[PDB]
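The C-terminal residue of the sequence shown carries number 581 in this note's numbering, and the numbering is unbroken.
Just so you know, even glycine gets a beta-carbon here, dropped at the ideal spot from N, CA and C.
Structure first, then comments.
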Amino acid sequence: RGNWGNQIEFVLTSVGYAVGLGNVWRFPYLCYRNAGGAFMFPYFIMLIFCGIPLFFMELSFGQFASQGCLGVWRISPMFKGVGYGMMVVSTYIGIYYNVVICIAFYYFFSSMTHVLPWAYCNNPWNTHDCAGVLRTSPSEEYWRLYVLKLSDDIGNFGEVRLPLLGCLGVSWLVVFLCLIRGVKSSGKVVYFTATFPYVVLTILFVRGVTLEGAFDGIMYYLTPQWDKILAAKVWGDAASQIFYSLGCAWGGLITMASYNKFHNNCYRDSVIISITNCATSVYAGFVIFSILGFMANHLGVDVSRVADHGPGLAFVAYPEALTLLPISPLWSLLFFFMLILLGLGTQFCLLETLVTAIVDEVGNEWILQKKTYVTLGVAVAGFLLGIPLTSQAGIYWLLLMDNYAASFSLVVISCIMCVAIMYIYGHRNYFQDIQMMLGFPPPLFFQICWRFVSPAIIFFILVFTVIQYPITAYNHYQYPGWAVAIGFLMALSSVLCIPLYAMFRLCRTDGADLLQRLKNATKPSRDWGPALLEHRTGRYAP
Ligand SMILES: [Cl-]
Ligand code: NA
Ligand code: NA
């Protein structure tokens with residue numbers, strides 16, 4: 040199989056995988072959309088009671104078998120569709136993640152001037168409604184009428200934005216060249232990629248907490264609102280954000296943990312990684328809300344109702360406030376470089392684990408010697424599939440994919456995996472496996488969580504979210520019916536992998552009754568257990 044080499048290497052690589060654009064781009068506007076501190080309490084509850092336990096379960100389940108997200112299902116061969124669903128969601132996410140990366144590239148290239156181009160209203164693309172501070176903002180109108188050239192409907196496919204296509208091509212080429220040249224084999228690139236963003240965040244924090252009005256923004260960011268928590272929308276959003284940011288049902292955690300040694304302490308690593316991820320999100324929220332409050336104080340309005348709701352918050356509200364500071368291009372360059380690094384770090388690991396899973400599934404030696412060709416094919420397919428997201432209607436499709444194809448399907452898949460492990464295989468068997476691996480049983484908190492707490496919370500959230508369903512929208516724009524249907528189909532595509540594969544596997548099982556075939560297809564295979572022979576003892580001994 041192959042080991043890692045050291046524990047700090049695995050920890051740093053997992054930090055690079057986990058902390059990305061979901062800490063600095065998606066978490067801020069998801070927190071702003073849910074009225075600040077009304078989002079924090081469900082977020083922390085869902086982190087404490089569902090996220091860390093499932094993170095630990097996934098890491099231990101990867102480490103015990105020395106198998107990836109597809110080969111670990113020898114424990115129950117009929118439930119192999121969980122890994123296929125994980126792969127489908129990974130493909131969905133990796134199509135549009137790199138489009139977000141290329142938009143960051145475009146802004147980084149545009150920041151290389153003495154004067155920022157979104158600072159004034161005296162440009163050809165500006166209208167008579169433009170009103171700057173040097174309400175229609177110059178930054179918003181730069182974003183909407185110059186960079187995107189947004190259409191009026193999702194079905195209005197206009198022209199392709201050539202600069203965005205160039206940025207997307209450059210991004211894909213960079214990722215491919217990093218993948219095929221063995222960049223991760225160097226300890227200077229991994230260290231830099233997962234450490235410099237913290238320096239940038241520290242500098243931005245120090246710059247933004249010394250401004251007049253920052254305390255008002257911080258207070259809005261941290262003050263709870265007890266009357267906006269009894270709604271299922273905020274709970275669903277918090278669950279989705281937690282699972283997306285921890286990368287639970289992506290499938291790469293199992294593949295990454297399959298390279299760990301048998302007696303490695305996987306219980307401490309999961310805690311470290313989860314705490315680091317959430318602390319990074321909170322720190323970025325501080326950084327953004329400080330100058331949100333400063334800008335609100337400048338404009339004379341409340342901390343809320345100062346910016347629009349949507350994924351463009353980091354591309355519109357932040358630079359418009361940066362424009363009011365001295366040496367603005369420096370801050371802009373730092374911000375966009377940090378975003379680019381965070382995105383590329385996650386994209387590299389996603390593609391690596393996906394290619395590894397495909398190659399392992401195919402099996403034969405012919406595909407082992409043609410791994411570069413598989414990587415090139417996957418990259419070409421990703422670029423070609425992301426091409427239509429760079430048109431005048433691209434942001435509609437991107438928002439739909441973000442909110443439907445990678446939202447709350449991860450929670451369902453993780454819950455199904457947990458239930459399958461705990462109730463078909465047996466919780467006592469898994470506890471014995473964990474004690475075999477670690478030398479002590481898992482703590483009772485995790486046992487209670489896995490057996491009772493997380494599935495019940497997920498079930499209640501699912502039920503009350505399904506009962507109360509609002510239709511997606513984007514700043515007073517109402518999506519048509521067929522777009523909502525396409526979003527539902529995208530959500531269902533990954534979930535449907537489980538029952539379909541279960542029926543396909545049942546169709547080829549021996550027996551004379553349905554119950555007999557159900558019993559035969561659910562018991563562990565002959566090769567389930569530890570990989571190495573000296574670890575093959577107790578209940579697995581020959
Ligand atoms: Cl987060
Ligand atoms: Na994250
Ligand atoms: Na990253």
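Asked	Found
On the DSSP bridge assignment, give the partners of residue 175 in chain order.	169
Out of curiosity, what's the CA-to-CA distance linking residue 284 and residue 552?	44 Å
What residue from 420, 275, 154 and 282 has the CA that sits closest to residue 365's CA?	154
Report the three-state DSSP secondary structure of residue 471 (helix, strand or coil).	helix
With ligand 2 as the reference, list in chain order each residue whose Cβ lies under 6 Å from any of its heavy atoms.	57, 58, 59, 61, 62, 284 and 316
Would you identify the three-state DSSP class for residue 430, choosing helix, strand or coil?	strand
According to DSSP, is residue 199 helix, strand or coil?	strand
DSSP state of residue 517, grouped into three classes?	strand
Comparing the CB of residue 210 with every heavy atom of ligand 1, is any distance shorter than 8 Å?	no
Buried or exposed: where does residue 462 fall if 16 or more other Cβ atoms within 10 Å of its Cβ makes it buried?	exposed
Check whether the Cβ atoms of residue 70 and residue 256 lie closer than 9 Å to each other.	no
Whole angstroms is fine: what's the gap from residue 583's alpha carbon to residue 114's?	The chain is shown only over 40 to 581; residue 583 falls outside these bounds and no answer can be derived.
Since residue 88 is in the alpha helix (DSSP H), which residue starts that stretch and which ends it?	Unbroken run through residue 88: none, as it is neither H nor E.
List the whole-angstrom C-beta distance separating residue 437 from residue 59, where the pair is believed to meet the contact cut-off of C-beta under 8 Å.	Actually they are not in contact, since the Cβ atoms of residue 437 and residue 59 sit about 16 Å apart, beyond 8 Å.
Whose CA, out of 141, 273 and 98, lies closest to the CA of residue 208?	141
Comparing C-alpha positions only, which one of 182, 333, 190 and 303 sits nearest to residue 253?	333
For the alpha helix (DSSP H) holding residue 440, just list the boundary residues, first then last.	Note, residue 440: premise wrong, no alpha helix (DSSP H); not H, not E.
Out of 452, 383, 458 and 482, which has the shortest C-alpha to C-alpha gap to residue 491?	458
Give me whichever residues DSSP pairs with residue 512 in a beta bridge.	517
What are the start and end residues of the alpha helix (DSSP H) that includes residue 337?	305-338
What did DSSP end up calling residue 60 once you bin it into helix, strand or coil?	helix
According to the neighbour-count rule (16 or more other Cβ atoms, all chains shown, within 10 Å of its Cβ), is residue 444 buried or exposed?	buried
When you measure from the CB of residue 233 to every non-hydrogen atom of ligand 3, does any distance come out below 8 Å?	yes
Is residue 160 helix, strand or coil by DSSP?	coil
Would the region 477-489 and the region 231-250 be scored as touching if the rule is three or more Cβ pairs under 8 Å?	no
Anyone know if the C-beta pair for residue 377 and residue 139 falls short of 9 Å?	no
Residues in the same chain with beta-carbon distance under 7 Å from residue 72, minus the five sequence neighbours each way, listed in chain order, please.	348
Let me know the secondary structure DSSP gives residue 344 once reduced to three states.	coil
Should the region 422-442 be regarded as contacting the region 85-98, the criterion being three or more beta carbon pairs within less than 8 Å?	no
So residue 645 and residue 410 are supposed to be a Cβ contact under 8 Å. How far apart are they, rounded?	This structure cannot speak to residue 645, because the chain is shown only from 40 to 581.
Buried or exposed for residue 231, please, with buried defined as at least 16 other CB atoms from any protein chain shown within 10 angstroms of its CB.	exposed
At a cut-off of 8 Å, is residue 381 close to ligand 3 when judged by its beta-carbon and the heavy atoms of the ligand?	yes
With DSSP collapsed to three states, give me the class of residue 287.	coil
Among 430, 527, 235 and 177, which has the Cα closest to the Cα of residue 159?	177
Based on Cα-Cα distance, which residue from 573, 510, 371 and 296 lies nearest to residue 523?	510
On the criterion of 16 or more Cβ atoms from any shown chain inside 10 Å, does residue 371 qualify as buried, or is it exposed?	buried
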